[PDB]
Structures are given as structure tokens and as C-alpha cells.
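Remarks on the overall topology
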Amino acid sequence: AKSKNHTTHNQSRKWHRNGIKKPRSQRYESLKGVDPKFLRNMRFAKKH
Amino acid sequence: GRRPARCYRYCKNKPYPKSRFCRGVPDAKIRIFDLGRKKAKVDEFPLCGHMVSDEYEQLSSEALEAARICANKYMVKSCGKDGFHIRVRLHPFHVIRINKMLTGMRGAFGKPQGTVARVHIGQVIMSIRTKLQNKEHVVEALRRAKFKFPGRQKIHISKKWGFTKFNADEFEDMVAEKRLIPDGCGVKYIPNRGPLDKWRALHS
Amino acid sequence: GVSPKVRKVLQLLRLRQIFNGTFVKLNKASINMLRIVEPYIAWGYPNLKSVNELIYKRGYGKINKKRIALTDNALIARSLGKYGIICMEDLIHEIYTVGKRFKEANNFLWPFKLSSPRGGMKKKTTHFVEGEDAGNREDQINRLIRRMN
Amino acid sequence: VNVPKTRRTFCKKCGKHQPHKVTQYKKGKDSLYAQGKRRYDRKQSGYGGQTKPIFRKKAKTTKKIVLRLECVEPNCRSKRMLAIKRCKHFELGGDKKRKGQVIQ
Amino acid sequence: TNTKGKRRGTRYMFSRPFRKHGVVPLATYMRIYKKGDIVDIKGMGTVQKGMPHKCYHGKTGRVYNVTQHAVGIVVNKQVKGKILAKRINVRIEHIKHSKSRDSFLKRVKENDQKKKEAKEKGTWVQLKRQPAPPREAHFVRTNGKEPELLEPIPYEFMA
RNA sequence: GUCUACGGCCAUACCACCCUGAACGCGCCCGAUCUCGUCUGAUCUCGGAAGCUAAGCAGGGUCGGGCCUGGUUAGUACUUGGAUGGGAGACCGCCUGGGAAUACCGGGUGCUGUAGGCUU
RNA sequence: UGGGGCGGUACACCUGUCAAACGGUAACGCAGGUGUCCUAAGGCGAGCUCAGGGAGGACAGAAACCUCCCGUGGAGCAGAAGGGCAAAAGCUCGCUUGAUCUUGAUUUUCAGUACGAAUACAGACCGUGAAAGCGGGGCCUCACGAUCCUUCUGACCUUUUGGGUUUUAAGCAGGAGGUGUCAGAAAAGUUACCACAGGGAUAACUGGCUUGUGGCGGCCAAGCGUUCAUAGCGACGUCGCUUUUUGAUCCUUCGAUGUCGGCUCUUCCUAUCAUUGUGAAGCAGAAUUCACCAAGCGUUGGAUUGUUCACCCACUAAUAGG
RNA sequence: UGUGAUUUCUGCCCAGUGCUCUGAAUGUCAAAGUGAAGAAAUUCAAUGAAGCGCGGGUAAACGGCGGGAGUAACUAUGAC
RNA sequence: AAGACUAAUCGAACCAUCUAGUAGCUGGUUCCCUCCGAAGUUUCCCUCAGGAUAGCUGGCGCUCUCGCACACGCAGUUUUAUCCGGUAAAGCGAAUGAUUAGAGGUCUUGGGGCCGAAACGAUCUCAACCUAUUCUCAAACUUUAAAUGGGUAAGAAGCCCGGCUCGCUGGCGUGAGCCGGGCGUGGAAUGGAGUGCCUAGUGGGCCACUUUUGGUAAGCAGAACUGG
Ligand SMILES: [Mg+2]
Ligand SMILES: [Mg+2]
Ligand SMILES: [Mg+2]
Ligand SMILES: [Mg+2]
Ligand SMILES: [Mg+2]
Ligand SMILES: [Mg+2]
Ligand SMILES: [Mg+2]
Ligand SMILES: [Mg+2]
Ligand SMILES: [Mg+2]
Ligand SMILES: [Mg+2]
Ligand SMILES: [Mg+2]
Ligand SMILES: [Mg+2]
Ligand SMILES: [Mg+2]
Ligand SMILES: [Mg+2]
Ligand SMILES: [Mg+2]
Ligand SMILES: [Mg+2]
Ligand SMILES: [Mg+2]
Ligand SMILES: [Mg+2]
Ligand SMILES: [Mg+2]
Ligand SMILES: [Mg+2]
Ligand SMILES: [Mg+2]
Ligand SMILES: [Mg+2]
Ligand SMILES: [Mg+2]
Ligand SMILES: [Mg+2]
Ligand SMILES: [Mg+2]
Ligand SMILES: [Mg+2]
Ligand SMILES: [Mg+2]
Ligand SMILES: [Mg+2]
Ligand SMILES: [Mg+2]
Ligand SMILES: [Mg+2]
Ligand SMILES: [Mg+2]
Ligand SMILES: [Mg+2]
Ligand SMILES: [Mg+2]
Ligand SMILES: [Mg+2]
Ligand SMILES: [Mg+2]
Ligand SMILES: [Zn+2]
């Protein structure tokens, strides 16, 4: 009892059938991952 | 032990030559690639006649040797033992695998039985070098040889001088002017760029 | 039995069905597109009479996302007179002489729905050098229009 | 491998580097009054046989080494557990790997 | 079946070109990478620290962070239909500014000027690119000579 | 015209061998008390200024080797898309578009930024 | 799992290629490797040059040791391969222990989850350096493992049940004890006395595609034939047909196509054993050998053996093949 | 429990496995019991049955019962 | 002693109940019209005749906007600029590796030997060997180097002017953030976009051009591209 083992045959039809949507960009992106020592001063500047 | 050659005629698989990855193969049946008075200067044997291919296929070492011998025999019997020089311009670098079924179809990867040579269209297989009064004998020799190969080949005379790469009409003037030197079975072209001490040695 | 890249380029040119037709202006951008869908079309360099016969007979408008016939000039002017186009001839001028306001005049028009060639075609699967119909058949396009219309 | 018997590393009590002494870690007894074995007894008591699995199929041939550090400073006497990659042979404070010499 | 190593299939990419091995010419380091800049990526394999993955070799991105020796970059990636955005930290010697916007910048500045000056004139002149148009009816001179005459040639079995 | 210190681009700047080098420089060069290190003041460190272009460096030369760049090779090899085209097959030709590399033949042989000297 | 069993591990991992110039991409596809090793082979600083080749020097020789010149890496850097490195990442010396303590973010495989491995930052304590600086393991790419349970370390840490004190036990946070069928059950055989649900998703006959092997036949012609390439044979080479041999495959058939051989009976084919009509010889005659038209009529009796095949006796125009 | 009238015979092996004998004189070897420490649960120590090991006997008990080389006045064989 | 007989039943009789025992497996599943309309692929499982996970599909909506004299946003598309790659072909008088033949080298080790006491007196040669040339090769070699391809950019989330805050950094200064003003078409051709819940059936595949691996080949086995 042997079988198929891998295929990427039909898939591009499936992908484009709903589309390939680039991400939704915005202004005022998020500050997740930046340097702590720089982020800190931003607070103090806005705090005064 | 040997098969026919319809099983291995077409250029199907990629090259699989003899190297550190492929080991365990015998040698080839041909070992000599040129015959006749192979020392003659460029002036004695100016005429060249070739055998040319017309297919993209594979030729075996056995075929080359058989062809080599048939031509030598007649060419001797016609002209002489030293009226010519013959050269073969192919080498058997590609290898052939065999799967021997004494499991079935499991673990299929053959053993290196054989060697063979590949051909492109326009390539050259055989060439002869001799004099002009022996033209038709040269043609007759090669014609006996085509019956040893699997395909359709054809014959032509070259405009060149011998096994060189210069046109005959130009060669003879061009050696009497110190551009071409007869250094052996060939020549040596020299341009007007080097250092003059080689222009001093010549012209003296 | 058509390819995705080619299915795209046709439906930009609004050719979503057999024996439809549209005008178009020519530049490096357009011409390369036509090389891509060469085997499926047949194009040419038309004259004035063909522009007349198309628009009057088989020529309709796009209005409110509907398809409405050009019977009177009220329709044209009301939708298209801000460009200085108030009648049929003003289009034909704007089309035949590719004007400044071509885009709007053409996109006002619905793609022409034509009938099959009276008399027959030679062989649609080949180019118009090998006895076929495809590719560019520059001035002979008009000979064909006489028989589709 | 080889490891010397001392070093200087961080004491998480004193807040500094201080010298330590070194010895290998072994494993202790089982104490017989933990909630694990008490359960396993109340369950394994009676008729029924064996109740919880047993392990039989081994693969490993080594063990990760574990060290035990002790601050020499009195009035700290803090200890830690430190770890090393795997090894088949181990040794505390052997030779010094002399270079340039002859081997007989 | 293939493996999952991080450098499978990089014999040539993470390989220095011909007669350019050696130390690094260090105007690479002295460049200035501020926030919002558009950047392309190219893994130098002469130094191994901070180099990105295969999938980002040849991609272009945008800065969001700045460290002492590296940069943070926002890069898109197509993986099974949906596209994702990704934040890879990368060291300097694997990057380079991109000239893929300087053309735009030459225009807007020339275009601002060319509007403001030559505004008093009154004409709204061209300001926006147009494609290559058709090609300008014109004459051709035969300054005397009749043209040459070509024809084909006979075949020859030259080899 | 040119040098010194620091450099960027890293052979149009490299390799071999020959000619010339005014002034300022750069070096060779003379010693080892103290500084310093050597099996050995050869290298490295220090204190010096009798003599010298021999060398290094600078420029220049070679029907020079290499390097940079053109041409030819060649609209060749190969190649996207197409056909109820050929052919026993292997493979070939055509329509629509793109388009290389050797051999061979020519030319060139360091550009410069900052600070400071000589060239009265 | 090219039916299953025996064999192997393609069952968790690494390099190159196949793979069609982003990435990704299969088969019991090719070639190879792993379950380790290191108090330095980790980390800082300084100084120097490798492989080999040439010419010389008391014993000295192909090779001990000394010196000079050339030397773009042609040597080494623990291991498989691949990349990368010259006043280094290599060789040698001096000092040391960033192979330490602690949060969170990202990448890789991927569902965009975990393990593992890796990267760039921040806070501490430190080491080396004149200082810039570098270092939180091995130049990079692989070297490893959940809950439940047990053991150890830590805080003058919470709870132990109506309150208080001491011991024990339970808790919190971090390491280790291990699962190789490597996202993780605790596990030997036989059945010809056997049984059930299913299967043509899968084998033992026919049929079908292929024709390696088996059989039959052409091409050219070095030699045989005393002489004489071709009366008759024919090396080394090469082009083909057939399905009366055995294989490869697994399309139909598992709610059933009755599985060897002899007896019996009919028809058909030709790749002609003989008989009719002819040609050719190394055809004197008689016997024999090659070939052409041709499938009309014939091709037997018996010992042995289950025999298909084999083998011997006897007669016959002949004792041919399917 | 095994062989299977009569006649004539029943060969060697106690290493393996089973069975069997003794045995305080030797390791190991449970509950209860004995004693020391602790505030008490508890811990520690000494003690120590059969059995397993130490040692003997048994094959009409399961069963098992080998290779190389040289060698005889012609060769070949091969008592040695 | 044959696993034979025990009421036509025996490698564990028959009767009732537990009992509608369990079944990842076979067979069956009851009227119409309209509308939309698939997969046979990823990762994990003592997983391979099966489940979970994502993908493919439907339904229910909601926020916006337009030929409403009135706009932004999108895209298996082309263009203009700009980066990435090491496959076809080519190359070996360029590196690694393989290989043929003769000219100038007894380079040079020795000779079935060689004219000879033999030597490098000669003279050859051979396994290799210096110099300049020569015939043929590479899936796991390469200086060179395509065609088709992949990623960015093409403006209001932009440009400019002026001023404020900062334990961050510091020759003086940079950088980031906040405030207040001035300036609208920014290449082609197309069309209405966005966002959120519930959710089924599937999870055995097959063929053709072109590229392509094993095999003598296959209506054979395994893959990439598009279409059926
Ligand atoms: Mg499947
Ligand atoms: Mg193949
Ligand atoms: Mg009619
Ligand atoms: Mg017709
Ligand atoms: Mg078609
Ligand atoms: Mg009990
Ligand atoms: Mg590749
Ligand atoms: Mg001195
Ligand atoms: Mg000088
Ligand atoms: Mg001089
Ligand atoms: Mg030159
Ligand atoms: Mg199985
Ligand atoms: Mg590809
Ligand atoms: Mg150093
Ligand atoms: Mg190191
Ligand atoms: Mg730190
Ligand atoms: Mg209580
Ligand atoms: Mg209490
Ligand atoms: Mg039996
Ligand atoms: Mg055969
Ligand atoms: Mg079958
Ligand atoms: Mg089947
Ligand atoms: Mg199948
Ligand atoms: Mg029946
Ligand atoms: Mg029947
Ligand atoms: Mg016949
Ligand atoms: Mg007995
Ligand atoms: Mg007996
Ligand atoms: Mg015994
Ligand atoms: Mg029985
Ligand atoms: Mg039921
Ligand atoms: Mg089923
Ligand atoms: Mg199942
Ligand atoms: Mg190639
Ligand atoms: Mg679903
Ligand atoms: Zn301490």
C-alpha cells in the first residue's frame, strides 16, 4: 500500500481565489522591540 | 555479458564520469588514438579529409576501435605503411550503469559496466592526413568505416592545411614571411607584440 | 484553457467574451501588453469610416452602471459635457484624433458586441503571416470590420 | 574532562565575586514519608499486581554533570548548583597539560 | 527529503567574490542609518555575527530601531498565500542604502521649484511623466547615392 | 612642479630589469650612561648628527608579463509564448520578442580630501 | 515497506548535489556523518609566520641540526563536508575564569505552537589591556528530551486547620534523575483443528503494455576452405522482428472465472521434415548441402518415469515446430 | 514412567540443564524480638529460618558424541 | 488416544438473562423549484482503510461610497528608475581534477639493454618528469555570463518655516518627541472597497505540452509550471 508523498499542484488557485492581501499599514506604528534606554527618555520628555 | 547498443544510444542521463564518487569501473577497449607516421612535418601531408556526424547520440569504445582498424588495413594496402597519419578526435568519458536481475525493482542503481562517448552535430570523429594523389583512397577508407557506427554520418574535405587551422591558400605564403614556424607536427603563430629580442633572433 | 497572466490582461482591456472590441491608444506600455496576448486577438490601424459605422450602428453608452443606447444627444452631454463634448461628432473627433480627453470618452462606451465574420476566417490558430488571423493586420482590419458589423 | 577545585564566581547573597570550593553532586535517599510513596503504598497494597509503569528501554550512556559550589566566606555559607554538558569521564583537579615536553 | 539547516544552499551566496577576499573596506561602517530609511540586504559571509537568513538575501526593507552595531528592519515575506511582516535585527556590514527613491526625490524638488518659479507666467506646464510615444513624421535624405543592394548567400558545409 | 603626517576608492596603483633625483624633507648612518628587551643593542627602546644617494622612496623606459576597457567572435550559441508544421524516432525548421562568452586585433598604465613645508 | 517475511532505517538530527539562477520542492534516489571531545582547543593583550622548492655547511646518508633566497595561502583552525581567515580566526608567551547572576523582545522548523539552537539590547558583578575597546563558551553551519514522581539549593519566606510553641509534611522559584518508536504505552511465540468484519487500496493462473534474457533474421567483410572474401562458413562491430521461454509491472477479478499431466476430438498458422514443379555446388553416377512457389495429404509401435522436457530399442517416404 | 515377543547386543560425555545428599562451618537472607540516641513519632546497630550461592553423586534422566599437513624402490592409496 | 464421544451440535454442549454487548469496517437512508458552489494539500498522533490543525466553501451581518458636481483605496497587469541570483551556453594557452601526440630538457633516478671498462663518452627510451604548443572532458569544477524570473519606489502618513521638553549623547553639539502656521492633480490602462462571527463536506487522486530523477523499456515508479 504505497501512495503519493508531496505535491504543490493546485495550491496557487486556492491562494488567489480569496486573494493575496498585503498587510494593512497604518501611521503611528507600535513601539514593541526598541531600545529600553531610548524609550525611557521619551516618557520623561512627554512627562514635562 | 555485453548488451546491444540500442539500449544505450540516446543521450538521456546526465554525465556520470569516472571520479572519486564513481569507483569500480573497468578500463576502455581502445587505448590508442592516432597511427601512421605521426612525426611528419607540416609540409609532407597537407591534405585532410574528415568524418562528420549528424546526430546527437552516444558512441562506444568498441565502435571506435573497430573503425580504427578497418581504416588502417585498407589504407596500408592502398598507399603504404607511411603514406599517412590518422587521428581520432573523441574520448570515452561517460559511464554506463547496469541493473542485473540475475527483490525485483527495489534498490535500483546499476553497476559501472561500460564507457561511451557523446556526440554533438558538427563534431568530428576521425581525421586523416596525407597527400593529394591519394584523395580517393582516403574517401574509400572512411566509407568502409561508417558501417560500424549507429547513425548517419557524412564525409567532407577541409580547406585547411593538414590538422592546422589555417587556409591552404594563405599558409604557403605565410610561412615564407616568418609569421608561422614549423615546430613539429604543427606550427606556431607569432604576432608583433612581444619583446624584440625574439625579432632579433629571427631575421638573422 | 487559458492562462492566468493572460486572463488578466484581457479583462483590463474589457474583452471578457468572444468577438468584442475596443479602441486603445498606443505607447510602449500598451504595445508590450499586446505582444503578450498576441495569439488571442487581432488588431489594426483604423480609418474614419470604420469609426462611423461602429458608433452609430453598434455603439452604446455606460450610464449609471447600465447599458443604454445612443439615441439622442441629451445622454452624451449630461454625462460628458464638462469636457466640451456634447454630441457624436465630438467623440469621433476625440477618438480619431487621440485627444486630451480620450480616456473618458472610451470608458463611457461599452465594449462593442459584434457578430461573427460573414464569409469565414482562414485559420485562427496562427499569425497573419502564415495564413491566419492573429497578430497585426494593420490596414486590413477595415476589410474585416465590414464583415463583422 | 578536568575541572579545578576552586574558582571565583558570583554569590547571589553577598552581591559580588568571591572564591568558592567545589565538589561533585550525588543523589540522596527517598525518606519514605513523602506524599508520593505514601500514595503508591496505599495503592500497591492488596490484590491487583503492579499499578504504575516501569521503564525498561534505555538509550543514554552518559549523565549531565552537576557541581556544588560553596562560598569560602564565613557568615555567608551559601551554596549553589551548577551544570555542565555531558561527558563519559570526569575528574577534579588532575594534571595541568604540560606543553613542549617529550612523551616516553 | 531535505534537512533544515540554517545555511543549506549557500555555497555561493555567503561567498566572497573574486579577488575581493580580505579585510573590510570601512566606509561601510561610517555610514549613517537613521529611522525611516529604505534599505536592501546582502549577507556578507566574511563575518558571521548578525547575518540574516537565506530568505532575506536580496530583499528590501525599512528601519525601525537603531542599536550600537546593528539595525532593526521591517521586511515582508510571502508564505503560502498570506504575506507577513517581520522584524529582523541585522548588523551593519550586511546592508547598504538603496537608490530606489533618489530619482523620486530629484523630481519633487525640481518639481516644487519649477512650479513656484515660472508661476508668474500663468501657464500650467507639464509636471508628470508620460510614456514613450510614437515617432514623429520626418524626412530622409539620399544625398546622391542609391542605397546598397543585399541578397542572401549560398550555403557551405564549412565544418 | 613636488614632498611629509593622516587617509578614501583598493593592480589604469602589481611583477621583473634599466636611467635620472636641484631645495625642503624622508632614510641610511654613530654609539649603549640612564628607560626597555634581547643566547647576541641584529630586531625593539634610548641618546645623537661625521658622512651618503649605493639602496629604500619619487618620477621615467620596455614592438614587456598581468590588469582596465573597446572591437571581432555574432544577431552566432541559447531562450519566453505558438501552430491539426516536417519526421519512423532522434531531432530540425519557421512566427512573435530577448540576446552571451573564448580565441584574434586595438588603446590606457593611479585618481583624489584635510593640515603643513620647498620651489625666494 | 514496488504483495508480506527475512534484510535495511529512508522512524530525531547535519554538508554537498538532484532542484529547472529568489525562496520551497519527492522516491528502499547519489556520496558521507552524529549520540562525542576541551581548565584549554574558552576569554583579553603582545610578538611572529604556513605548505613546499632551491643553494650551501665536520661524521650527515633520500630524511636529524644551522643559515640565506622564492613562497596569495598551494598549511593549519578536534571530528563529515562546505564556506571564511595573513603584522588572522593560525604558532608561541603573560594574566585569568563572560562556560557567572536577571527580566523581557526577535529569528530558525512552523499552525505561525513547543523543545533545542542562535541574534541584537538593558540592569549588575567582573577579567584583560596604555587606552579605544572586547568577552555573558568552542570561527559559522548538527551534537539533544514534556506532564506525574523523587532528590538538592534558596528566603530569620507563607500554610499545617479551636488557639499557641518545637519537630515533620505540603507549598513557591531554579538545576539534575528519561523516555533513540527522539511532541514521549509498562509487553514473547506458535496454529495443517482454527474463527470473524472487510479487501482486487495487496499477492499466487489467463488476458493486456514492455522484450532485458530466450528464439529467428539482415548489413559491411579480417580469416577458413592447399589455391579461392562471398559453393558453403564467418571474427571485431551494427540494424531489427516474434511472443510457443523466464522476468519487470499490478490495469480487470477476493458476495468465488473449479488449480499439473495423460485419454479424447476439431480447426488454424509456417519460421517446409518428407511428397509435386524448379534453380545452385568444392553437383561425374548414387547419397548430401543452400534456396524459391507452396500448408494439399502425412509425421507411428513400445521399456523407464506422475510427468511436461529427457533417453534407448524397432519399423518407416518421414518419424518437423506451434 | 519409558521401550515393545524370542535370539544376539546395549559403546564414551556430569562441561550445559534438571534431580538429589549434607551443612553451622561460610556469604547472602523477611516479619516479630533485643539494645542505644531523641521531648515522642523515628532512626541506628547487633542478631539471623528456609531458599539462592559453596561442594559431592547420577546418562535403560533431557540429551550430545571434531579438524589440517607430510608419508611405502612405476603410479595411486596411505597402515605411520 | 483419533484432540475422539458427551441427544443429527464439541480445539470447550445446550437454555434463559446480563444485551439494543462493541465495531476507525461493508450494505442501505422516503416531495418539488430557485441560488451559491469544492477537495484529494501543510504540521502532529504505536499515525498509513482513521482523527485533530490551517487551507478550499456557505450563511448572517455591520462601517464606509459612488454620476449625488463633486475621492480615496485595490490589482497572478505593463512602463521609468534600482537591487538579487551563478541555471542554460561557454572555458581550461585561467585555478581543482582527468587525458592524447609530438618539437626544444642525458633537467634527472636506473636499465630486457645500447657501441664499449663503463660514466652525465655517446645514445635512446621508458613510470614519471623543465619550456612553448596541441586533440578531448565535468550533477557533486569554474574565471566569465543570459532569456524567463523575485523584491522596493512612483507624494497630504509629503515638503517647508518658527518655537518648546529631555536622568539620553556631549568641544560647542546631535537625536527623538510636542506645538503653531504655509503650500493639493504627481506614469499607463481597470473596477465599489473593508471588516467580524458561526460553519459544513474534504484530508485515496488522475492526464497533456515543456523541464526532469531511477530503470533496457513501460498504458512503470517519483517530482516542478500552467491548463483540464
Ligand atoms: Mg495520501
Ligand atoms: Mg534517467
Ligand atoms: Mg451564405
Ligand atoms: Mg476550415
Ligand atoms: Mg492549442
Ligand atoms: Mg499482602
Ligand atoms: Mg545550485
Ligand atoms: Mg647600531
Ligand atoms: Mg636613493
Ligand atoms: Mg641611484
Ligand atoms: Mg602589455
Ligand atoms: Mg505493514
Ligand atoms: Mg528554480
Ligand atoms: Mg594578534
Ligand atoms: Mg578560537
Ligand atoms: Mg553587560
Ligand atoms: Mg490539626
Ligand atoms: Mg496547632
Ligand atoms: Mg500436522
Ligand atoms: Mg536478445
Ligand atoms: Mg495480478
Ligand atoms: Mg489492482
Ligand atoms: Mg500504481
Ligand atoms: Mg461458478
Ligand atoms: Mg465456467
Ligand atoms: Mg511462405
Ligand atoms: Mg528412559
Ligand atoms: Mg547407551
Ligand atoms: Mg550435572
Ligand atoms: Mg493432531
Ligand atoms: Mg443499533
Ligand atoms: Mg472503503
Ligand atoms: Mg483505519
Ligand atoms: Mg553545460
Ligand atoms: Mg475544516
Ligand atoms: Zn558568599
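Residues numbered from 1 in each chain as written, not as in the entry; some residues may be left out. Chains lettered and ligands numbered in written order. Part of a larger assembly, values for the part shown. Heavy atoms only, no water. Residues with missing side-chain atoms left out of burial classes, pairs and counts.

By the method listed in its record, cryo-EM, this PDB entry was determined to a resolution of 3.13 Å.

Moving on to the sheet that holds strand β1 (residues 38–41) of chain E. All names here are of chain E. The strand order across the open sheet formed by five strands is β4-β3-β2-β1-β5, and the pairing between neighbours is antiparallel. Single-partner strands in this sheet number two, and they are β4 (83–91) and β5 (95–97). Here the strands of the sheet are splayed against their neighbours by 45 degrees on average, with no regard to which way each runs. With three bridges joining them, β1 and β5 adopt antiparallel strand pairing. Across the sheet, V39 pairs through a bridge with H97, a residue of β5. (Pairing = 2+ DSSP bridges. Helix = DSSP H or I, 4+ residues; strand = E, 2+ residues; numbered from the N terminus. Axes fitted to C-alpha atoms, helices over the stretch in contact; angles between N-to-C directions.)

Between two packed helices, both the angle of their axes relative to each other and the distance between the axes serve to describe the pair. Residue and element names in this part refer to chain C. Put simply, helix α3 (residues 48–57) and helix α7 (residues 141–148) touch, their axes get as near as 10 Å, and they point 25 degrees apart. Considering the angle they form, α3 stands roughly parallel to α7. Judged by the twist between their axes, the crossing of α3 over α7 is left-handed. Every residue of α7 that contacts α3 at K49, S50 and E53 is listed here: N142, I145 and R146. (Parallel < 35°, antiparallel > 145°, perpendicular 65-115°, else oblique. Left-handed = near helix turned anticlockwise from the far one by under 90°. Contact = heavy atoms within 4.5 Å.)

In this structure the tally under the stated criterion is four aromatic pairs over all chains. Plain terms: the ring middles of B:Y16 and B:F109 are 6.3 Å apart, the flat faces sit at 80 degrees to each other, and that makes the pair edge-to-face. Ring plane angle 85 degrees and centroid distance 6.1 Å describe the contact between C:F23 and C:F112, whose orientation is recorded as edge-to-face. Of the two residues, C:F23 sits in the loop between β1 (20–21) and α2 (28–36) while C:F112 sits in strand β4 (residues 112–113), which places them 89 residues apart along the sequence. Lying over the aromatic face of A:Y28, A:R27 brings its terminal NZ or CZ to 4.7 Å of the ring centre. Over the face of the ring belonging to E:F157 we find B:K154, whose NZ or CZ atom lies 5.4 Å from the ring centre. (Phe/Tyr/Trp six-rings, centres within 6.5 Å; stacked < 30°, edge-to-face > 60°. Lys NZ or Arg CZ within 6 Å of the ring centre and 35° of its normal.)

Glancing now at the interface of chain A and chain E. The extent of an interface is frequently quoted as the accessible surface area lost upon association of the parts. The interface of chain A with chain E comprises ten residues on the first partner and eight residues on the second. Taking both partners together, chain A and chain E bury about 790 Å²; carbon and sulfur atoms supply 56% of that area. For the chain A face of the interface with chain E, the top three residues by lost area are A:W15, A:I20 and A:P23, together amounting to 45%. Inspection of the region where chain A meets chain E yields zero salt bridges. Our count for the contact surface shared by chain A and chain E stands at one residue pair in polar contact. Class assignment of the residues belonging to the side of chain A that touches chain E gives a composition of four nonpolar, two polar and four charged. (Buried area = accessible area lost by both parts, 1.4 Å probe. Salt bridge = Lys/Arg side-chain N within 4 Å of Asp/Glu carboxyl O. Polar contact = N/O pair within 3.5 Å; in protein donor to acceptor, adjacent residues only side chain to side chain. Nonpolar A, V, L, I, M, F, W, Y, C, P; charged D, E, K, R; others polar.)

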